[PDB]
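*Asks:* Here it is, the structure, as structure tokens.
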């Protein structure tokens, strides 16, 4: 299955039409015909294959990692600390990209569901999108391509120094 | 009647209003006869070597070889650096490059000042 | 787009539209006649004949073959060359 | 030995292979983390990725 | 009787190359696809357990497809 | 094979014999050989032709190359790559070239000028705005779920 | 409704059988125009349905 | 990695103690086996590269180019007969063993660790190519072509050694992690300007850039087919690969001093696309095509986006395959007629009717077919450079138009319109040529199906 | 050699004149309404289509 | 019958076999745009009546 | 139309410009003329996915038209009464917009020329 | 620009003017009966002054007629759809495969088509059979050391075929 906590679906809405026709009803006969022509034999072959999969079952796990000390807690150069620190940072960068992918997929799903009036019960997901992406824009954006982790920490120090000067001129 | 069809470096001049062809003298008759003689001898030699079934290769135009070896290798001799050649070269080698160089300087200076004030469209400009 | 054409049929069609042209006498219409020699009609009328050929049959014959047909036998031979009139 | 043991074997080898630079693992890792930060109150993807207790600045 | 004789450049070399190409891909095109079919119809792909209490696996057992 | 005398070393001097040798080797008349001249742009001493040469040359001559317009011995003007049919059509024009570019530039500027006249002088049909119902159709514009309801109503007219 | 997706994707995939078939053929089809015409006609009759479902 | 190096050594005495009509099958079969063996490499994961020793390591910048090398060898080997197959057996053995030594130092070069080792194996890549192109160049100016080749590449790539020795004995060792993890952003004095210009100008000479692009075309029109494919594909994308390796240091001052190289590369791409439109001698068209694509790669490297690096290496692999294929079709045409010219052999849709399909497919993949790898490359390069500056899209699009035009003219000049009906020695298509076309164009379309392999280190 | 007694051509022309007679009305009429049908014209503004054709 | 039999039964079977299990184990996948409910109706699935449309006059 | 020729050739003073219409203030010749029932059930207008610029006056007639077209779909030529009724309602709305235009036009002409031709 | 002379002549030049003017009048005039009228008016207008024995007056009026033709021609004249310029222009060149090939086949297909290939073999045996003597004897004997024409005389003397006939007779059919 898939976790519906992280992949939210809105609850279903389905009207009940009832003609008020006398042609009557081509597509009703045709959807019953499609059901009895495709939906039964594919499911019978799939039941055969599901018994064959129920002969014996493998398992795969989710890969688990520990926590490194820091990049802020290593020594001067001393590579065999910073290597571990920066690989943990690189995995944070990878999972952060996948977080942004998840938020963008949720937004596209909201667009296709909610019809031509976009601005009703999609504005909340648009707001959380602008939240997370303003964070990512100020965090990981302007660093070029020859990063390891050190340019990110330099950006971090520079930005919080900018905030310190900002509250210095403010108060 | 007609404004006489001034030609151009694109417009061809058709055979009617030349008006040099209708200035017939013995020069033109003799030169056209010798031009027919030259085309006669060339097509004669070509049709001689053109029909041999014993032959297998191609007929090997020397004019094709000549034009290619002129236009490929024999461009560099001869040459002297003339003011015509040197000025035309300094215009066609440096000019457009220094031009779009200046426009990259101007556009980047505008963009760097606009992001130095920070009033850019990087509300969400992630894919840099 | 394929009519089965032959020498005899297109020979008769060329001779037919030569005969249909009025000011030459159809009594003295041999295939081995000549459009200047034995019937005496001028070369301008021969170019009228040329345009009659090209409007019946729908293909140009060029300026290099405008001087040098001058008789219906060579017209039939030149058309049989140009259209390749065989089965 | 140029197609029938090369091309189709390479087609099998690159048609499926493990998570090359961690695709499926990154999918499930981001799913677990968004589940955590939506079932635990704080907003997902806190900015300022380093802990500001773990930082120092040259003063004015 | 009616029909002329068409001119053709060559056919034998080209038909020979195409039959050789499709056949020498077909020689291990069919067994490979039947192999991947029997793999995902007999042995299973996998299922999705979690890591139990202190049982550390090998570097494998982390992947969906069994040939992976 | 091939001898270096069949390439083209140097220009037209000296004046009798080099013109003679170029006309012998390039299969041309003596006075019809007319070089560029020695301009300093390289160019050897290759011949010069009347430059159009490809929607010229009536094909009822039936020379050898039916679409390359060769004759196996013609000197083949230096810009022959640009000349071949499917690259550049140097046909004799039906009217002019100056008269055509005059009328085309005048017609295009004329149409864009009437367009500018249109851009400052619009038409419409005489009727007020579409009266949108609820605060200029609020909540379905840019956002604002409770932030800024900006009040306006309509009157039965 | 998986009916709609199934009919639309087979209107796509019907226009993959002819080209792949004669790439895999290496033979002379004499009714190959007939074959292209009938696969286009069957593609029409499989694409006529889900539009009717759409406005329905 | 020595499991790749040492069988390519041991493949050499195969050709020595194999007899007449028996060197051939052994070399071809066993190099295809080694191609399987390096198809086995692809193990790359997650945190970093794969270290194959204290001595070797494999990036994801390195893996597709290494696969390209060990796959382009046997294609080249079957490609390079009938121009020396009638010749002598000892000279044939010398030729094939020379190519194997060439491949060996290419693998040495691509899987380098310290940049000194990279430089030694760089000019070890250089030296067999010289002897190959000069000994079988088969035209009167192969002399001058090889001489310009060696003097340009050495004289450009001479001070790169001095800068590498300097960075060695001022900032420690030269493995890519300790080349990384320690390198400070270097300030803008004029000494730093010279060191940056030394490294980058050496590789500018290698690619070529437009300022020294006349390095190339003599050494492509006056080289045999093995040396041609080696030169174009493996040497130019090797130069780009070396640039990508070295450009991690000196990143702060490159925004100050990188502005003229972008301009020279852009206007050179425009002028090179213009010059490959009107030339005769069909072989030269592919050479200036290569100069155009490598100018686009150079723009892509001196802008520093991960988009730009992914698109750069994709464009590398795509034009390597396309130019190598199109060189092999030019060799097909020259085996047909002993011409080297362009306007001579026309027609050829009738004659060899399936040669049309491979010329069409080569001109499509040069044409940036929209799921091909070439359009992937040019697309990400144009995206990154429009992120760089908003006005540089015009030159890219004029490049696109002229690229499509010269590719179409190269297609329909030789193989369209009217057979000259005096050739009468062309033969129908061999099985060899269509086999070589099929060996080019199946992996390109397969990588078009799933390109999650060939994008860069910043995937 | 003017021949048109061809079953394929008469079938195809027949079917496309059916498509040029009924199918425009059929495709046009059961559209989902997404735009505003204007329909509110003065004199000599709606008449001008037929006026242009006749003139 | 075998001709149109294979051409309209084999691809529909394989595509609908493709459009259950793979298409649901890829979670964010084929998504419908919602049926436009109208006020004189009821939801077919759960079941409650939408109150119909309000005051009609001034027509 | 002819009004456009008059607006361009004559005085540009007395002419109200479209899309910058409201000049004279409200409750002027109005007073106590506003009901604006608008019984379209705006939440049901939101729930039923209706188009922008169809979220306007005479909405419920469009609601009924869509309801009958959904109820009798293979009846291809059934809903024409409600079609014509909805057309009639928004024709009345166009009449209302026309009258609002000409009322402001008469106001601007008569008021401005009374003031600036007697004062 | 012809095999048989250097210049064309005066009379055929006037004749080319007549034929092009007649063609452009076809192009100008639809409905064909008023075309026949205008054509006869053109025939009389050219038959105004045939009897002028002056040469320079005749070519002056010829150049004036060229001016009047050039100002009065049609932009898209009715060209024939087999001529160059027209619609066909080697339209069916797709199957104009040259006949020097068709012999580089596999002999399986030569076993399929036996009798045509036997007759082609005896064509080529006639070609080599009557190749050297009469052809190259008349080529190096009957012209002058400057041959100064393009056409060749037939091998009328004693025996075999008129020289250089292979690529003139054995050519494709222009409508396969």
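No lab work stands behind these numbers, since they all come straight from the coordinates. Every residue, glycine as well, gets a Cβ built from its backbone with ideal geometry; the counts of neighbours run over all protein chains shown.
*Asks:* If we scan the range A:58-68, do we find a residue that is surrounded by 11 or more Cβ atoms within 10 Å (Cβ to Cβ), assigned to a helix (DSSP H, G or I) and without any contact (Cβ under 8 Å) to a residue 12 or more places away in the chain?
*Replies:* No, that holds for no residue.
*Asks:* Next up: Of the residues that make up the range D:10-21, is at least one within 7 Å of chain A (Cβ to nearest Cβ) and either within 24 Å of residue A:63 (Cβ to Cβ) or over 19 Å from the mean Cα position of the chain (by Cα) (or both)?
*Replies:* No, the range D:10-21 contains no residue that is within 7 Å of chain A (Cβ to nearest Cβ) and either within 24 Å of residue A:63 (Cβ to Cβ) or over 19 Å from the mean Cα position of the chain (by Cα) (or both).
*Asks:* Oh, and also: Hey, any hits in the range H:418-431 for a residue that's part of a helix (DSSP H, G or I) and surrounded by 18 or more Cβ atoms within 10 Å (Cβ to Cβ)? Step through it out loud before you land on a result.
*Replies:* Going residue by residue through the range H:418-431, those that are part of a helix (DSSP H, G or I) are H:431.
Next, only the ones that are surrounded by 18 or more Cβ atoms within 10 Å (Cβ to Cβ) stay: none.
The answer is no; no qualifying residue exists.
*Asks:* Continuing with this model, one more query. Give the residues of the range E:43-68 that are in contact with a helix residue (DSSP H, G or I) (Cβ under 6 Å, 6 or more places away or on another chain) and under 18 Å from residue J:21 (Cα atoms), sorted by residue number.
*Replies:* Listed by number, the list holds a single entry, E:44.
*Asks:* Filtering the range E:28-51 down to residues that are loosely packed, with under 14 Cβ neighbours inside 10 Å and more than 9 Å from chain A (Cβ to nearest Cβ), which residue is farthest from residue D:10 (Cα to Cα)?
*Replies:* Checking each candidate, the answer is E:38.
*Asks:* Inspect all residues belonging to the range H:193-200 and state whether any of them is in a helix (DSSP H, G or I), without any contact (Cβ under 8 Å) to a residue 24 or more places away in the chain and at negative phi. Break it down stepwise before answering.
*Replies:* Quick first cut of the range H:193-200, residues in a helix (DSSP H, G or I) only: H:193-200.
Still in the running and without any contact (Cβ under 8 Å) to a residue 24 or more places away in the chain: H:194.
Next, only the ones that are at negative phi stay: H:194.
Looking for residues that are in a helix (DSSP H, G or I), without any contact (Cβ under 8 Å) to a residue 24 or more places away in the chain and at negative phi, one finds at least one in the range H:193-200, hence yes.
*Asks:* Let me ask you something else. So if I check each of B:6, B:21, which one is away from chain F (no Cβ under 11 Å) and either within 32 Å of the chain's Cα centre (by Cα) or outside any helix (DSSP H, G or I) (or both)? Walk me through it before giving the result.
*Replies:* On the way: B:6 fails: away from chain F (no Cβ under 11 Å).
Result: B:21 is the single residue among B:6, B:21 that is away from chain F (no Cβ under 11 Å) and either within 32 Å of the chain's Cα centre (by Cα) or outside any helix (DSSP H, G or I) (or both).
*Asks:* When only residues in the range B:42-85 that are at the interface with chain F (Cβ under 10 Å from one of its Cβ atoms) and surrounded by fewer than 12 Cβ atoms within 10 Å (Cβ to Cβ) count, which is farthest from residue H:420 (Cα to Cα)?
*Replies:* The qualifying residue farthest from residue H:420 (Cα to Cα) is B:83.
*Asks:* Is the range F:125-133 home to any residue that is out of contact with any strand residue (DSSP E or B) (no Cβ under 9 Å at 6 or more places or on another chain), under 30 Å from residue K:40 (Cα atoms), assigned to a loop (DSSP other than H, G, I, E, B) and more than 8 Å from every other protein chain (Cβ to nearest Cβ)? Don't jump to the end; show me each part of the working.
*Replies:* Of the residues in the range F:125-133, the ones out of contact with any strand residue (DSSP E or B) (no Cβ under 9 Å at 6 or more places or on another chain) are F:125-133.
Still in the list and also under 30 Å from residue K:40 (Cα atoms): F:125-133.
Still in the running and assigned to a loop (DSSP other than H, G, I, E, B): F:125-133.
With the extra rule that they be more than 8 Å from every other protein chain (Cβ to nearest Cβ), the set shrinks to none.
No; the residues of the range F:125-133 include none that is out of contact with any strand residue (DSSP E or B) (no Cβ under 9 Å at 6 or more places or on another chain), under 30 Å from residue K:40 (Cα atoms), assigned to a loop (DSSP other than H, G, I, E, B) and more than 8 Å from every other protein chain (Cβ to nearest Cβ).
*Asks:* Say we look at the range A:118-138 and pick out the residues that are touching a residue at least 12 places away in the same chain (Cβ under 8 Å) and within 14 Å of chain D (Cβ to nearest Cβ); which of these is farthest from residue B:126 (Cα to Cα)? Steps first, please.
*Replies:* So the first thing to find is which residues in the range A:118-138 are touching a residue at least 12 places away in the same chain (Cβ under 8 Å), and the list is A:121-122, A:125-126, A:128-129, A:132-133, A:136, A:138.
With the extra rule that they be within 14 Å of chain D (Cβ to nearest Cβ), the set shrinks to A:125, A:128-129, A:132-133, A:136, A:138.
Details: A:125: 18, A:128: 16, A:129: 13, A:132: 12, A:133: 8, A:136: 8, A:138: 9 Å.
My answer is A:125.
*Asks:* With touching a helix residue (DSSP H, G or I) at 6+ places or on another chain (Cβ under 8 Å) and either assigned to a helix (DSSP H, G or I) or more than 14 Å from chain E (Cβ to nearest Cβ) (or both) as the only criterion, which of H:375, H:447 stands out?
*Replies:* On the way: H:375 fails: touching a helix residue (DSSP H, G or I) at 6+ places or on another chain (Cβ under 8 Å).
Unique residue meeting the criteria: H:447.
*Asks:* Give the number of residues within the range F:54-103 that are part of a helix (DSSP H, G or I) and in contact (Cβ under 8 Å) with a residue 12 or more places away in the chain.
*Replies:* First, pick out the residues of the range F:54-103 that are part of a helix (DSSP H, G or I): F:59-61, F:80-83, F:98-103.
Those left that are additionally in contact (Cβ under 8 Å) with a residue 12 or more places away in the chain: F:83.
So the count comes out to 1.
*Asks:* Let me ask another. Conditions first: (1) under 22 Å from the mean Cα position of the chain (by Cα); (2) surrounded by fewer than 15 Cβ atoms within 10 Å (Cβ to Cβ). Residue L:96 passes all but one, so which condition is the exception?
*Replies:* Unmet for residue L:96, out of (1) under 22 Å from the mean Cα position of the chain (by Cα); (2) surrounded by fewer than 15 Cβ atoms within 10 Å (Cβ to Cβ): (2).
Residues checked against (1) in a helix (DSSP H, G or I); (2) facing chain J (nearest Cβ under 9 Å); (3) under 13 Å from the mean Cα position of the chain (by Cα):
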| site | (1), (2), (3) |
| --- | --- |
| G:7 | yes, yes, yes |
| G:11 | yes, no, yes |
| G:22 | yes, no, no |
| G:30 | no, no, no |
| G:52 | yes, no, no |
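*Asks:* Do you know which residues across the range D:22-43 are in a loop (DSSP other than H, G, I, E, B) and surrounded by fewer than 18 Cβ atoms within 10 Å (Cβ to Cβ)?
*Replies:* Quick first cut of the range D:22-43, residues in a loop (DSSP other than H, G, I, E, B) only: D:22-23, D:39-43.
Those that are in a loop (DSSP other than H, G, I, E, B) and surrounded by fewer than 18 Cβ atoms within 10 Å (Cβ to Cβ): D:23, D:39, D:40, D:41, D:42, D:43.
*Asks:* Okay, moving on. Does residue C:45 qualify as being within 14 Å of chain F (Cβ to nearest Cβ) and on the phi < 0 side of the Ramachandran plot?
*Replies:* Details: within 14 Å of chain F (Cβ to nearest Cβ): no; on the phi < 0 side of the Ramachandran plot: yes.
The answer is no for residue C:45.
*Asks:* State all residues of the range F:36-46 that are on the phi < 0 side of the Ramachandran plot and touching a helix residue (DSSP H, G or I) at 6+ places or on another chain (Cβ under 8 Å); if no residue qualifies, say none. Break it down into steps so the answer makes sense when it comes.
*Replies:* In the first step, residues of the range F:36-46 are kept if they are on the phi < 0 side of the Ramachandran plot; the result is F:36-39, F:41, F:45-46.
Answer for the range F:36-46, where residues must be on the phi < 0 side of the Ramachandran plot and touching a helix residue (DSSP H, G or I) at 6+ places or on another chain (Cβ under 8 Å): F:39, F:41, F:45, F:46.
*Asks:* Let me ask something additional. Please determine whether any residue of the range B:96-103 is within 14 Å of chain F (Cβ to nearest Cβ) and either in contact with a helix residue (DSSP H, G or I) (Cβ under 8 Å, 6 or more places away or on another chain) or loosely packed, with under 14 Cβ neighbours inside 10 Å (or both).
*Replies:* Our first condition is that a residue be within 14 Å of chain F (Cβ to nearest Cβ); within the range B:96-103, this holds for none.
For the range B:96-103, residues within 14 Å of chain F (Cβ to nearest Cβ) and either in contact with a helix residue (DSSP H, G or I) (Cβ under 8 Å, 6 or more places away or on another chain) or loosely packed, with under 14 Cβ neighbours inside 10 Å (or both): absent.
*Asks:* Take the conditions buried (at least 19 other Cβ atoms within 10 Å of the Cβ), over 21 Å from residue H:432 (Cβ atoms) and out of contact with any strand residue (DSSP E or B) (no Cβ under 8 Å at 6 or more places or on another chain) and apply them to residue H:74. Does it pass?
*Replies:* Details: buried (at least 19 other Cβ atoms within 10 Å of the Cβ): yes; over 21 Å from residue H:432 (Cβ atoms): no; out of contact with any strand residue (DSSP E or B) (no Cβ under 8 Å at 6 or more places or on another chain): yes.
In short, no.
*Asks:* Would you pick out the residues in the range A:115-131 that are under 20 Å from residue J:31 (Cα atoms), touching a helix residue (DSSP H, G or I) at 6+ places or on another chain (Cβ under 8 Å) and part of a helix (DSSP H, G or I)?
*Replies:* Within the range A:115-131, A:125, A:126 qualify.
*Asks:* Hey, any hits in the range H:395-415 for a residue that's within 14 Å of chain E (Cβ to nearest Cβ), part of a loop (DSSP other than H, G, I, E, B), out of contact with any strand residue (DSSP E or B) (no Cβ under 7 Å at 6 or more places or on another chain) and without any contact (Cβ under 8 Å) to a residue 12 or more places away in the chain? Working first, answer last.
*Replies:* The initial filter retains those residues of the range H:395-415 that are within 14 Å of chain E (Cβ to nearest Cβ), namely H:415.
Within this subset, residues satisfying the condition of being part of a loop (DSSP other than H, G, I, E, B) are H:415.
Okay, now just the ones that are also out of contact with any strand residue (DSSP E or B) (no Cβ under 7 Å at 6 or more places or on another chain), so H:415.
So of that shortlist, the ones also without any contact (Cβ under 8 Å) to a residue 12 or more places away in the chain come out as none.
Looking through the range H:395-415, none of the residues is within 14 Å of chain E (Cβ to nearest Cβ), part of a loop (DSSP other than H, G, I, E, B), out of contact with any strand residue (DSSP E or B) (no Cβ under 7 Å at 6 or more places or on another chain) and without any contact (Cβ under 8 Å) to a residue 12 or more places away in the chain.
*Asks:* Can you find, within the range K:14-43, the residue that is surrounded by the most Cβ atoms within 10 Å (Cβ to Cβ) among those that are more than 10 Å from chain F (Cβ to nearest Cβ) and in contact with a helix residue (DSSP H, G or I) (Cβ under 6 Å, 6 or more places away or on another chain)?
*Replies:* K:14
*Asks:* Also, I was wondering about something else. Please determine, by comparing only the residues of the range F:33-54 that are within 11 Å of chain B (Cβ to nearest Cβ) and loosely packed, with under 15 Cβ neighbours inside 10 Å, which one is nearest to residue F:86 (Cα to Cα). Please lay out each step first, then the result.
*Replies:* Quick first cut of the range F:33-54, residues within 11 Å of chain B (Cβ to nearest Cβ) only: F:38-47, F:50-54.
Narrowing the set further to residues that are loosely packed, with under 15 Cβ neighbours inside 10 Å leaves F:39, F:41, F:50.
On the way: F:39: 31, F:41: 28, F:50: 19 Å.
Among residues in the range F:33-54 that are within 11 Å of chain B (Cβ to nearest Cβ) and loosely packed, with under 15 Cβ neighbours inside 10 Å, the one nearest to residue F:86 (Cα to Cα) is F:50.
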